[PDB]
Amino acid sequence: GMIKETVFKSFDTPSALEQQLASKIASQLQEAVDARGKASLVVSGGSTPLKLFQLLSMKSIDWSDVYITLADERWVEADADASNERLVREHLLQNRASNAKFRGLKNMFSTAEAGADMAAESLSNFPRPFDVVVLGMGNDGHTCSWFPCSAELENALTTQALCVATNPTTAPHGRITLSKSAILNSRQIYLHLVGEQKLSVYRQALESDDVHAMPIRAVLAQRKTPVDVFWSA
């Protein structure tokens, strides 16, 4: 049925959202470094997080003890327009966060299917559970590269591998994605949304726990891992 338990934080402006979200993430990463010696952060791509990344890059925490990776990646060169790694390197891995330990998902294999196993092994060393995961949501209800238009959705939702390939039919590029099992083996998830359309889609997502229609529900419907939704018009 519908999803009834939520934690929802709204803000005047995207800048107010970012300022707060950057502070919460930085605090949680530093508390993880304090507790365990190394922390792990998963971030998502797109235009939504770019200012957040800029703000995070200036936070004075032990960045060199933070391991960072991507929720998903387009199977394109890491300097291409469509690369999430390119956006992360330009905007996050700057300033104080220059010092962090980033690993992307793209590798030399010609397809995500062929590269997935190498990608999964390259992360086997990240601190898990992940300390902080930052997600987005598409207007179709997708998150990561868990797309309702892809044949590989059930695999993404049920595999124990850390990452798998997916091939959306309603969005461009072969994809690699972290799996549900990987994303939910985390301490804190943030869902970062902007604008009235995304708010409408989020409300639609709460109408049910049918993950195959809107895969963001796999994150919203569960009760073990805290999820805080940050939104501004």
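Residues carry their position along the shown sequence, with the first being 1.
Just going by the entry, 101-109 versus 131-139 on mean CA temperature factor gives the higher value to 101-109. Mean CA temperature factor is higher for 209-217 when stretches 21-29 and 209-217 are set side by side in the entry. Across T169, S179, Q188, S44, the entry's maximum B-factor at the CA atom is seen for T169.
Ranked against the other modelled residues of its chain, the C-alpha B-factor of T69 as given in the entry falls in the lowest third. In this PDB entry, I183 carries a Cα temperature factor that places it within the lowest third of its chain's modelled residues. Sorting the modelled residues of the chain by their CA temperature factor places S10 in the lowest third. For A39, the recorded CA temperature factor ranks within the middle third of the chain's modelled residues.
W146 sits in the lowest third of its chain by CA B factor, as recorded in the PDB entry.
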